[PDB]
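Student: here is my input; please provide its structure:
(4 chains, ligands or ions: 3)
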Amino acid sequence: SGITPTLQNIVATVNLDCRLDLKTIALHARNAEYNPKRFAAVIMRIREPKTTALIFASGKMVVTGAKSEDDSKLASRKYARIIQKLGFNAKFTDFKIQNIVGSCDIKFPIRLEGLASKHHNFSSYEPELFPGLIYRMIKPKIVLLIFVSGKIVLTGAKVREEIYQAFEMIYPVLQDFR
Amino acid sequence: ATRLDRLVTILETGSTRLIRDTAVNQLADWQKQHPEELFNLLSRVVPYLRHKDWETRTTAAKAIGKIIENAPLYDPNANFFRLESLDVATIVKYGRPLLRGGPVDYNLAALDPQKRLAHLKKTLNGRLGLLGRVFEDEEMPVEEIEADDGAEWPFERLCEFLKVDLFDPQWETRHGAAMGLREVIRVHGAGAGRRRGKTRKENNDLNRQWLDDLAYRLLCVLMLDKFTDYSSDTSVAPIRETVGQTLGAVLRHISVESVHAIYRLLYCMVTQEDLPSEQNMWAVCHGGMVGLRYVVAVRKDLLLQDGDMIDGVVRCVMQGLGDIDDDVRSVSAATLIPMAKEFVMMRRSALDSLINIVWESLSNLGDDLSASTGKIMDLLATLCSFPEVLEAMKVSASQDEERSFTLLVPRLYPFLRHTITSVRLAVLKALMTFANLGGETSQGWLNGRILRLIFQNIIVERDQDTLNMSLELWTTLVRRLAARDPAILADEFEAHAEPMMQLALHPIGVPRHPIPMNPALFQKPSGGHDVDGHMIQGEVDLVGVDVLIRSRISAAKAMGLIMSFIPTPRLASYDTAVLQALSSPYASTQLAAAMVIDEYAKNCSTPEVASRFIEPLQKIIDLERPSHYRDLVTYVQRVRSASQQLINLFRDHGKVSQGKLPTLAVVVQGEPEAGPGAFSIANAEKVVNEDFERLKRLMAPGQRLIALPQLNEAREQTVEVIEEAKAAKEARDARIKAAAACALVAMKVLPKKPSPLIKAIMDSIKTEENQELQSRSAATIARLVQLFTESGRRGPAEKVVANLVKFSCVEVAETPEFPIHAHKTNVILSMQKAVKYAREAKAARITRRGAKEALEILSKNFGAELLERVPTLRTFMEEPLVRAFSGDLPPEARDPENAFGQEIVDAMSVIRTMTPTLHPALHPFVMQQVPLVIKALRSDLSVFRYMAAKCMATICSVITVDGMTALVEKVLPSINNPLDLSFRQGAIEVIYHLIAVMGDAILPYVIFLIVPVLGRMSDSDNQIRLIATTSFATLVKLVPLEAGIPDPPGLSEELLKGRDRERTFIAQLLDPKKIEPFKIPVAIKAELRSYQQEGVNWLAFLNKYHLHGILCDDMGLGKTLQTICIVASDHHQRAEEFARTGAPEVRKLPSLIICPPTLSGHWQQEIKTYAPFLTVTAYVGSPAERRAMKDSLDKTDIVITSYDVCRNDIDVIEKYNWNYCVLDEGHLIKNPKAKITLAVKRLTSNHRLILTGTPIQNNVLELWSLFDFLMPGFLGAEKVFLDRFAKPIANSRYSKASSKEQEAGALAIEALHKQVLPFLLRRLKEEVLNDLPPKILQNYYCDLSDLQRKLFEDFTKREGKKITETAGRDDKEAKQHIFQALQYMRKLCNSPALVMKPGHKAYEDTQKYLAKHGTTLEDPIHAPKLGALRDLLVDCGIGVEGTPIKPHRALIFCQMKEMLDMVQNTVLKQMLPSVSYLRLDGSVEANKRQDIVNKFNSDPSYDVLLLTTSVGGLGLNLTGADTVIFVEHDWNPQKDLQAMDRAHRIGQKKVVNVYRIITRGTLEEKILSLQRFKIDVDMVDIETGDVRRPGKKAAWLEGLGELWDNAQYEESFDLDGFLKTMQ
DNA sequence: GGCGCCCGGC
DNA sequence: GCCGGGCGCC
Ligand SMILES: Nc1ncnc2c1ncn2[C@@H]1O[C@H](COP(=O)(O)OP(=O)(O)O)[C@@H](O)[C@H]1O
Ligand code: BEF
Ligand SMILES: [Mg+2]
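Tutor: Residues are numbered from 1 along each chain as shown, chains lettered A, B, ... in the order given. Ligands and ions are numbered 1, 2, ... in the order given. Dropping the coordinates below:
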């Protein structure tokens, strides 16, 4: 049922073996920015699988901006290769997906107050703080941001199948509301 | 500013490459025409080498290059580092690595530039590491332009600066220095370090020493620099790449012997025979390799001479290709390419070993992500182009077959599918280079295997460039195989005919139900960890459907190509494989088969060969299409699910009797081998249309009323899903029919009833969302029109041409619909202009895209004779315009219900869409249409004007020589016309769209455009003002670099003279110092000072071009004489002209001078002093006298008028035409609504001119009322000025504003400042007056009195709390209470007697307390300022001893008459009868004030003069005084400062002391420095951890800017570009 | 909220 | 030659 949602952003996490002398990464590589008094990590960027990679001093890495699982893996491998090129003893030891963010445009607008007031146990509405309704599923553990304009963006999925499941489970619900 | 400063500024900020190129070219010309300006230019351009932006830095480097190339070379005969000493080991072991250096150390930046250079020069020797230990910055404590200048090389200072800047910690500055040295050395190196007097022999030694010293530093940077960019697949090291270029630059001139020292050092850096065995190898080796690249590139002449150098460079290359690091391998592969044809001559052994190693570097696979293989394969492709290399392959084969060429080439196949796109593209290009060789070399490997590999690389590749290169490679391979024998090609591709045909015709599917390709069909490159597997699975969701369609059409192209060459008896397998697909149950298979047949017919030599397919193709368009497609089974299954849900809703909540309703079939039509009983959309229609109402009949009462409000929504869900399924099926039918019709058109069949062909093709053009299919269909119809016209079957041809013309006009966003806008009149349409809105907009965009491509291909196909071969298009785009605009508009053209208006609009749209592609032989037709379009531009209806404006924008955009002459001759001169608004509106719309479309091509014509645009920023119509200001803001920017543009080639002679007539005007307007001198004709009775003469030149300039401005000269510079002389000269000139010509516009008329009341006498006195021959009438006095003067005003040269008299007697002052109308003290009209301003703005006048001391108090936004008086609407009406400028600026002042609001405010205020600046004339006093002695502004402090303390504490303890809590409120009344309290407080501060009137809160207690003191309220002990004033009067000798030199004469200022009377009574009479004083305040009539000022000024008997600031404060010259005492102060600092400055001015001859009497406490503290020295000149989540709604995106708050474009590296470091710049 | 001053009056 | 006033502004 319904029309499938797209993906917009996949966040993936990698643990590098070695401690990083993080300032030297900013000093040596142009595609990198480091401001410890604002944020604690060096935000590398790479062009071909267009992504940004937060590289923390502990060796953790968070890669963002890819739109496919294999694309995110490839980008993270390239970032590990870059950190190995700067001279650190960096290894692609681990890789986990942590959030796949889906998005879709449903044609009809949403009677948002109906969803806010009929469903109780998993719905919350905050009109001025954030214009969308916050829907918190239980079985797939996906949070859906539902907007009056019919925009729905899904987050917290570990794999795309959960995104599709959540959308086809919420579609026959909000179909009852305009 | 001047022209030069703005032209240099263009380099930083510019639209495009073209504008910056023009700026640098014009800088070069400006240097050529004025050679001595060389260093004045370089000192302006050099500081941009340090700029933060790459493009600005590169453009500044180019500007230096071009400027230097025009400077003369240096040859006077017409501590340096030694290169031999460079010990590479120490420089890398010790020394400072150069990186993106740390934060700025401001203590060093503060140094004077020369001492800064000296200190950095001291630190340089340490940082290079020559000390034998790592230098630490602590050892060196930190604590006419540097680039400025025949005894020595002129650029010696600049190079001394740049050579030390070359080691700066910042990476930007190192880049800048490297490029600056690159250009300066490239042009002038041969003269470097020469000096005068020394012999040529000795100057050669000095030049050698200097260039060795430079190359030393360049090598040091090559080995020390480690900064790199890892954004792309191959790391780029921008600084050492630039330094490689600079080393190439010095290498051109450096002596032949020193090239060997450079070569030895680079060779040492590459081999690293003695350096530590560490990771340090990488940077040093890469630097050495780029150095060797430029050594071999720029000095070919050295390699041929002796073998050791060529042997060592090839040793370095061979070592590098075997290196572990991929970047070393890449740069080594790149190093040999420039020298291949030089190297092939070398000894056989070196060539054999190089071929061996370059081939063996492909034998092993590299790292998965290593992109370096691309460069190695480029090296291999270049090597294999030379016959000596191929002969070496033959020699190798003769002793080892395994290294033969035909058996080595398969080593490239595993890299076709490489993970890095650059590697795939490099492989395909290398294989293409191998194919184009002698057939004997390549006939061994061109076989079925490589054909299959390339074909499967045509299907699975997503990247566009790899796709196109693979298809070109396939074309060359298959064509070259065919050229040997078609039977050979057939034999090779026989075994792969069927698998690749299956892969070519495979279906596509839908997002979550893909149809995967069989992996067994894909053959491995080796003959049998990121895998490009998404495309093989047909995963439509991960790879967009457009990509899959593109792969299918490209596979169809390749298969159609190869089918052409095989002889037709052998095509049987291909024929059956495609004929079985034309009837395939999948829509996509039928489409792909149709495209395969299309391409085969297309690139086959003759359609008669392909004719056998004709009946299978024609049956597709003739016969009824199948009702289902297996590709679409998802839609019908969704229909089934929804209909079942509706039935369930009936069963559960309708509670209908079960079993009297249809059980829907489980299997859906289109499923594999589903029987005829399967569910179908026809059954869904039967359900929702008939069965639904049948169940409504069946449902009982009591259930209907509750069941229906759900059943209705369920029915609408089901019916919309059914319509969606039907729409998808219809779309597939249209697509397949269009593909079939295109295939038929390719076979040149023309049925006797072509309506099915035409309908299918048009339906595809009108509907196809996918761009590729739509373009294919457009090319089809474009060919079909030609087929019909050549056959003579004109009927269908004209029908399709008319239909295409109709489609081209459908985008309402571009072509207006006439019936809606037909009534609109005098609206500038360019400003004003459900989901069905967006859906219809999208469909209109699709259909217009299709029809526009169809008409473009029609134009390109028919060429010069299109208008002859296709008459109906001529009719379309010529008949409506000649009907409508040959004469006046026929009245039917206005009727919305008559199509003729839409015919006119469509004609203009057709001209707009055709003329940018129309063949140049048809431009005389468009120019023949221009006279009608320019008449439609003057039309009354808004929509015709809008369309005509866009049409002339495009016509002039593509016919510049002929269109622009018509526009300038017959549109622009009408723009001044006041009689008819349509003319001006049309012209301004043309200029708007013309500026929009032409971009930078307008540069020759901006002088024609600018002056008639500037003239219209003050137009009466509001929309004209909006567009005129918008155009001017983006058109003045191009003026500074106009003057050097060569004349437009075809432009008429008269227009060039017109250009030259006003190029001078705009050049004077932007930079007033260029203004021509104006010889004042009349005999002014006093000689003007220098700056006065220049200001009069400015005023005469404004008078000559009918601009109006503000003579904002600082107080006391003598604005009166400037104004009087310009007014007198204008009267003289216009009287002369009226006698000469009788023109009414120059007839004699009186001028008006409006001033505050007290200056009415002053102006008459100044006139009688300087211009006695002008009659002046003082329209001032009681109303009876003004009534007596009522009619006399016309008969005098100048009328003087007070502001209040102007307000009250506006009813008579307004009735006369006033010529000049000078507002003396114009800042009193700052209020936009105050009555005197509402009065003054009503006066008619030819020229207007404000005089002020200070134009603003706090903010530039106060200027609005003045410019609304001078030039009505120049800054817009009040709301437009407020929301455009004022509200953004005000909002941006607070910390509340976001950074976007802050930068918007800065941009807005800069826009206003640039808009208003040319009209203000501001020159400060101290800049131009040197005889005038200085002034000093002291304070004088007196303690508060007892009563003042008592009343302050009382006011604060009783009412202070309420006021301070009211400060927490923001309404008018609250801040009114604050203002009242402050104003009340000040009156108390001056003296208690002012406030302590009867009935005051403190009155009775004050009386009894005064009784306790035993003195009256008026005792001056309770008023301290009176007690202070006596001190300053006495110590200045005023009133002392009641020689008589009298060293001081004073003014004393008060804000109010009570304070002045108190001072005049107590201090001046009760205490000091010895003082003699004069009165000046409101008690004396305005006619007496001039006399009393004259009495004080001429007669030294009187000691002091008493002034009310409101009365005496402004302009009234009182030069005789030499000290001023401010006993009471205004809030506004400008009135306070002006009260001082009316004492200190021209003619004053003593040092002036200004005393402010200040009480120690209270509000006096808040007014101390104001007047002293201020002149007023969506998807959003937290990435690190999932949460809804972040308020702050911490790690990305900067926005990271944006990722820089790789074109910066690609176009800048190109070696072929570098060598091009030698000469 | 004030106080100024171009007015009409004696 | 003086006066007090209503309109105007900060
Ligand atoms: N050519 C001049 N020669 C001598 N004095 C001049 C000349 N021009 C102006 N002044 C003198 O400067 C003063 C004129 O300043 P002014 O025009 O009244 O400025 P503002 O009107 O702004 O107060 C007078 O003293 C005048 O004698
Ligand atoms: F004429 Be100025 F403003 F003193
Ligand atoms: Mg003045």
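Student: which helix runs longest in chain A?
Tutor: Scanning chain A for the helix with the most residues, using DSSP state H, yields helix A:69-85.
Student: buried set for it?
Tutor: A:69, A:71-83, A:85 (16 or more other CB atoms under 10 Å in any protein chain shown). To be clear about C-beta, it is placed using only N, CA and C from the backbone, and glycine gets the same treatment.
Student: stretch B:1251-1264 now?
Tutor: B:1251-1257, B:1260-1264.
Student: what of stretch B:859-869?
Tutor: For stretch B:859-869, using 16+ other CB under 10 Å, the buried residues are B:859, B:862, B:866-867, B:869.
Student: tell me which two in those residues are the farthest apart.
Tutor: The two members of the buried residues of stretch B:859-869 with the most space between them (CB to CB) are B:859 and B:869, at 11.4 Å.
Student: how does chain A divide into domains?
Tutor: Domain assignment for chain A, taken from curated CATH domains, gives A:1-11+A:98-178, A:12-97.
Student: now the residue of chain A most remote from its centre, what are its backbone angles?
Tutor: Computed with CA atoms, centre = their mean, the residue of chain A farthest from its C-alpha average is residue A:87, at 29.9 Å. Main-chain dihedrals, residue A:87, degrees, to the nearest 10: phi 110, psi -10.
Student: ok, now which ones touch it?
Tutor: Listed by CB atoms under 8 Å, 6 or more residues apart in numbering or on different chains, the contact partners of residue A:87 are residue B:279.
Student: do that again at 10 Å, thanks
Tutor: Contacts for residue A:87 (CB atoms under 10 Å, 6 or more residues apart in numbering or on different chains) come out as A:21, A:24, A:28, B:226, B:278-280, B:282.
Student: ok, residue B:495 next?
Tutor: By CB under 10 Å, 6+ apart, the residues touching residue B:495 are B:448-449, B:452.
Student: so can I have CSV of those residues showing neighbour count, secondary structure and distance to DNA strand D?
Tutor: Formatted as CSV, the contacts of residue B:495 follow (neighbours: other CB atoms under 10 Å in any protein chain shown; DSSP: H, G, I helix; E, B strand; the rest coil; distance: CB to the nearest atom of the strand, whole Å):
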residue, neighbour count, secondary structure, distance to DNA strand D
B:448, 17, helix, 95
B:449, 17, helix, 93
B:452, 21, helix, 89
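Student: wait, is residue A:43 part of a strand?
Tutor: Yes - under DSSP: H, G, I helix; E, B strand; the rest coil, residue A:43 falls within a strand.
Student: so who does it touch?
Tutor: For residue A:43, the contact set (CB under 10 Å, 6+ apart) comprises A:26, A:31-35, A:52-55, A:62, A:64, B:1595-1596, B:1598, B:1600.
Student: go on, residue B:343?
Tutor: For residue B:343, the contact set (CB under 10 Å, 6+ apart) comprises B:296, B:303, B:310, B:313-314, B:317, B:336, B:350-351, B:354, B:383, B:386, B:388.
Student: likewise for residue B:694?
Tutor: Contact analysis of residue B:694 by CB under 10 Å, 6+ apart lists B:660-661, B:687.
Student: next structured bit after the helix or strand it falls within?
Tutor: Assessed by DSSP states H and E, residue B:694 sits inside helix B:692-698. Downstream of helix B:692-698, the first helix or strand assigned by DSSP H and E is helix B:704-746.
Student: quick check: next helix or strand after that next one?
Tutor: Under the assignment DSSP H and E, the closest C-terminal helix or strand after helix B:704-746 is helix B:755-767.
Student: quick one: buried residues of that next one?
Tutor: Neighbour counts over helix B:755-767 (16+ other CB under 10 Å) mark B:756-758, B:760-767 as buried.
Student: helix or strand right after that helix?
Tutor: Next helix or strand after helix B:755-767 toward the C-terminus (DSSP H and E): helix B:771-791.
Student: and the angle from that following helix to helix B:755-767?
Tutor: 140 degrees (axes from the mean of the first three to the mean of the last three CA atoms, to 10 degrees).
Student: so what does helix B:771-791 touch, helix or strand wise?
Tutor: helix B:545-565, helix B:587-603, helix B:704-746, helix B:755-767, helix B:794-808, helix B:835-862, helix B:866-869 (3 or more CB pairs under 10 Å, 6 or more residues apart in numbering or on different chains; DSSP states H and E).
Student: about what we covered before: out of the contacts of residue B:343, flag the one nearest to residue B:1384.
Tutor: When the contacts of residue B:343 are compared against residue B:1384 (criterion: CB to CB), the nearest one is residue B:296, at 88.9 Å.
Student: so how far is residue B:329 from the closest one?
Tutor: 18 Å (CB to CB, to the nearest Å).
Student: ditto for residue B:996
Tutor: 50 Å.
Student: helix, strand or coil: sort out residue B:813 for me.
Tutor: Here residue B:813 is recorded as coil under three-state DSSP.
Student: so it sits against residue B:837, correct?
Tutor: No - Residue B:813 lies out of contact with residue B:837 (CB atoms under 10 Å); the separation is 11.2 Å.
Student: need the helices for the stretch 501-650 of chain B, in chain order.
Tutor: B:545-565, B:572-582, B:587-603, B:607-610, B:614-622, B:633-652 (DSSP state H, counting those that start in this stretch).
Student: and chain A, by the same measure?
Tutor: Counting by DSSP H, one finds helices in chain A at the ranges A:22-28, A:69-85, A:112-118, A:160-174.
Student: could you pull up the residues touching the residue nearest to residue B:551 when sequence neighbours are not counted?
Tutor: Leaving aside its chain neighbours, residue B:551 sits nearest to residue B:459 (5.2 Å; criterion: CB to CB, 6 or more residues apart in numbering or on different chains). With contact taken as CB under 10 Å, 6+ apart, residue B:459 is in contact with B:467, B:470, B:500, B:503-504, B:506, B:517, B:521-522, B:535-536, B:548, B:551-552, B:554-555, B:558.
Student: please report how far residue B:459 lies from residue B:447.
Tutor: Separation of residue B:459 from residue B:447 (CB to CB): 20 Å.
Student: now residue B:334
Tutor: Residue B:334 is 32 Å from residue B:447, by CB to CB.
Student: who's more crowded, these two?
Tutor: Set side by side, residue B:334 and residue B:447 show more neighbours around residue B:334, with 20 against 17, by other CB atoms under 10 Å in any protein chain shown.
Student: so the more buried one sits against residue B:244, correct?
Tutor: No - taking contacts as CB under 10 Å, residue B:334 lies outside contact range of residue B:244: 11.3 Å.
Student: pull up the overlap in contacts between those two.
Tutor: In terms of CB under 10 Å, 6+ apart, residue B:334 and residue B:244 are both contacted by the residues B:289-290, B:293, B:1615.
Student: who wins for most neighbours among the residues you listed?
Tutor: Neighbour-wise, the shared contacts of residue B:334 and residue B:244 (other CB under 10 Å) top out at residue B:289, 29 neighbours.
Student: how close does that one sit to ligand 2?
Tutor: The gap separating residue B:289 from ligand 2 is 72 Å, by CB to the nearest ligand atom, to the nearest Å.
Student: hey, what's residue A:123 bridged with?
Tutor: Per DSSP bridges, the residues bridged to residue A:123 are residue A:135.
Student: residue contacts, it?
Tutor: The contact partners of residue A:123, taken as CB under 10 Å, 6+ apart, are A:112, A:114-117, A:133-136, A:144, A:146, A:173.
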